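Here the structure comes first, spelled out in structure tokens, and everything after it is commentary.
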Amino acid sequence: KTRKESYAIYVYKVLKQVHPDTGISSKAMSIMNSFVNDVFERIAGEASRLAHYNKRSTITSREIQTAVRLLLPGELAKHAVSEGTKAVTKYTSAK
Amino acid sequence: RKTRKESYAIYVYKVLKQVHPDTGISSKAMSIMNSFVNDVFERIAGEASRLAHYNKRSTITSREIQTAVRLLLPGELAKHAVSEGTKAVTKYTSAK
Amino acid sequence: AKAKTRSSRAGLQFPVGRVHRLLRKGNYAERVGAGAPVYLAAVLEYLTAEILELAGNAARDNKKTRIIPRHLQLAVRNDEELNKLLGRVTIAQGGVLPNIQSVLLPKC
Amino acid sequence: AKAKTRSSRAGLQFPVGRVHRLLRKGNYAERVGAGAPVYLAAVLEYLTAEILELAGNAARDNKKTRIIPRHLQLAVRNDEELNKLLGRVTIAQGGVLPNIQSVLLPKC
Amino acid sequence: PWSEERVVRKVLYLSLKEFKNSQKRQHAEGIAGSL
Amino acid sequence: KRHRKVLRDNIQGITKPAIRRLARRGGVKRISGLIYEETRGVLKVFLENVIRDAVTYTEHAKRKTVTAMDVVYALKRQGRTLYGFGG
Amino acid sequence: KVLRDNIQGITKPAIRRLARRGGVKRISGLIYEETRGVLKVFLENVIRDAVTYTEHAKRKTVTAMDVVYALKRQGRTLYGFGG
Amino acid sequence: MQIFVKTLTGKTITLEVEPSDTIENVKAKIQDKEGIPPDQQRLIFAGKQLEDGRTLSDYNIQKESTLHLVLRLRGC
Amino acid sequence: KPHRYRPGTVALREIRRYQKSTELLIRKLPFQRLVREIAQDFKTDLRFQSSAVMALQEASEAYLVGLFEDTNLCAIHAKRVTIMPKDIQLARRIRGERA
């Protein structure tokens with residue numbers, strides 16, 4: 001018992017959207033789990049400070065945007081920011 | 001002339017004379033000590049922050065700080081400082 | 001009635017509800033905006049997609065059906081822009097990149 | 001009834017109230033205990049005291065009355081434990097420990 | 001004002017193999033978007 | 001007789017051919033003979049550092065059993081994160 | 001003689017000076033290039049993030065505290081200038 | 001545009017090349033017209049050893065220029 | 001009559017062999033013994049999960065491997081082909097480890 005969370009299912013889904021026909025071993029799932037669990041904090045912690053400096057109290061997108069501009073090196077930043085911008089401005093249009 | 005700032009300068013100075021009661025101190029060195037204190041305070045705090053969440057408590061206690069020291073200060077300084085803090089508490093307990 | 005997933009309303013796959021829960025309970029700030037968890041989840045999804053895709057080709061070029069760590073290693077270490085992001089991580093069961101210095105070879 | 005500071009009741013020199021407030025407004029947890037800020041201020045006091053005298057000595061050795069960065073730098077790079085603690089800090093106006101490799105010295 | 005001759009004398013003297021970058025990974029800049 | 005059979009000189013449990021294997025994986029061709037003690041000490045220092053904090057954590061959580069998470073946290077604190085063990 | 005792309009502003013004797021405080025004795029002829037590039041690289045890697053902070057704060061002038069932060073980022077803390 | 005590639009053996013060859021051609025492509029042309037493998041060649045002009053990734057326009061080379069090629073063996 | 005290979009040629013095959021596989025390189029039981037040995041001095045009477053030891057190993061090995069590689073580059077810098085403790089002690093200091 002004592003349920004645990006994970007990201008397995010979502011990983012598998014995303015996998016199916018690129019090589020729709022390729023399996024994934026067990027451990028190589030646990031890895032890709034831990035990896036997300038890492039990057040998540042490595043961004044959220046940074047954004048926390050970044051807000052705390054200018055003495056705000058809320059976290060919004062804008063900083064997450066900046067915070068990304070700091071960690072991801074170069075072209076990955078160029079892409080990810082476009083991705084975010086897009087995949088939010090849609091959502092706000094249709095709640 | 002408004003919007004007061006803060007520092008530790010007072011306390012640096014006070015504890016200074018308790019050791020070299022004849023010595024002065026420039027401004028730059030004052031600022032440096034200030035920054036240094038700020039650094040260390042944060043390090044130790046942030047450490048204990050995780051230490052709780054791991055065991056999923058919700059309040060920082062002394063016991064937290066105790067170990068959190070043992071993970072930053074190398075060797076000797078740790079053994080000294082833990083003694084120090086242990087003492088400083090005991091008194092405060094009885095001496096409200 | 002007839003509720004809808006926020007992810008749908010975003011058109012993604014990551015549990016935006018789950019994320020937005022995590023931020024509140026992480027002591028990350030005092031109060032969380034609305035748009036943030038969206039933006040965050042989008043970034044995560046993009047990243048993991050990129051890496052998985054690369055690994056897929058990696059393993060196929062070895063003519064196998066599934067994906068195992070050794071692939072992931074051979075996947076990251078070959079793309080620098082990734083490789084920097086993972087300067088200090090260690091993938092168990094990872095081996096190393098095939099490499100030999102130029103001098104230690106025979107004369108010809 | 002008449003009041004008095006906490007640090008008094010601790011017999012210390014560092015401002016408890018400020019430390020406590022700082023803990024609260026830093027999100028470092030949800031609830032702050034009672035004993036902690038005491039314990040913490042104690043450690044800060046100890047450390048500061050340490051570094052101070054270590055600098056004061058060296059400063060006196062060069063016939064001065066008020067301490068100067070150039071002293072502190074000399075003070076920390078000469079006690080390995082302190083040195084280790086600040087392994088990567090760079091103190092402004094700090095110069096460098098004097099040191100020369102043997103080989104560069106003349107034959108005799 | 002350029003010591004090309006001196007650097008060429010250095011090329012003749014040192015004369016050792018050198019290592020550098022090999023491949024162009026622009027695909028990480030490309031198909032990644034289409035991913 | 002219950003426990004505490006304190007063993008000594010296990011560092012010699014590291015055979016020379018073992019170290020040869022590692023070095024090979026590294027990509028070295030010719031090897032001196034003194035190294036077989038250099039590494040025997042280097043590795044020990046490295047271990048000690050980790051195992052200390054490893055213990056420290058459990059101790060704080062007051063059990064008698066060193067889980068894996070513990071080691072993970074330790075290895076992280078020193079800037080050597082490790083994937084694949086339940087981060 | 002005014003045409004000077006500021007990278008040239010790093011005079012060779014200057015480099016020699018730092019080299020001394022390090023503790024080097026003799027010096028080849030080429031290093032006066034390696035340094036000019038290395039310094040350059042190191043510089044962008046910091047001025048970029050400094051800029052970034054200023055931007056996010058909507059400001060228009062590079063406060064010291066920014067440069068400090070950016071320096072703590074790379075793993076190079078710096079005492080004294082405030083912080 | 002035409003260039004002159006003077007070699008250590010007293011031979012100075014002409015190539016067909018554009019300012020947008022890279023030094024890797026120029027070395028490929030050296031291979032195709034002389035059999036000299038591109039991994040063995042190092043071209044010199046304007047006091048610098050030519051970089052394969054850059055083009056002729058990047059070095060600001062004009063027509064009728066006389067470039068220098070040294071045979072530098074890597075490997076073996 | 002009996003065939004014997006050129007000196008040092010076996011290695012050139014050893015490397016290309018090992019740089020491909022992924023499994024461990026040290027037999028467990030002695031390693032586990034060693035760990036349990038060191039552990040006593042901090043708080044004797046301990047008890048371990050299995051995977052914990054596996055982890056400890058995994059890291060140790062990855063460390064040593066990465067160390068050797070740089071040791072090698074050092075050794076080349078001085079135009080040798082072997083390695084010597086004086087080499088290790090260099091990298092182990094430039095890194096800042098034994099600084």
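Chain labels run A, B, ... following the order of the structure tokens; each chain numbers its residues from 1, and ligands are numbered from 1 in the order shown.
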
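Matched residue by residue and fitted by least squares, the Cα atoms of chain C sit at an RMSD of 0.4 Å from chain D.
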
May I ask you to extract the residues of chain G within 8 Å of chain D, using only C-alpha atoms, and to give them as an MDAnalysis selection string? chainID G and resid 21 23 25 75:81

Using only C-alpha atoms, which residues sit within 8 Å of segment 71-85 of chain C once same-chain residues fewer than 4 positions away are excluded, as a PyMOL selection string? (chain A and resi 28+71-76) or (chain C and resi 51+54-55+58-59+67+91+94-97) or (chain E and resi 25+28)

When you look at segment 27-31 of chain H with a cut-off of 8 Å (counting only C-alpha atoms), what residues show up, excluding the ones that are within fewer than 5 positions of it in the same chain? I need them as a ChimeraX atom specification. /H:15,36-38,41

Using only C-alpha atoms, I'd like every residue of chain B that has an atom within 9 Å of chain G; please write them out as a PyMOL selection string. chain B and resi 28-36+38-39

Name the residues of chain A that come out as helix (DSSP H, G or I) in a backbone DSSP run; write them as number ranges by chain. A: 8-16, 27-53, 61-71, 75-93
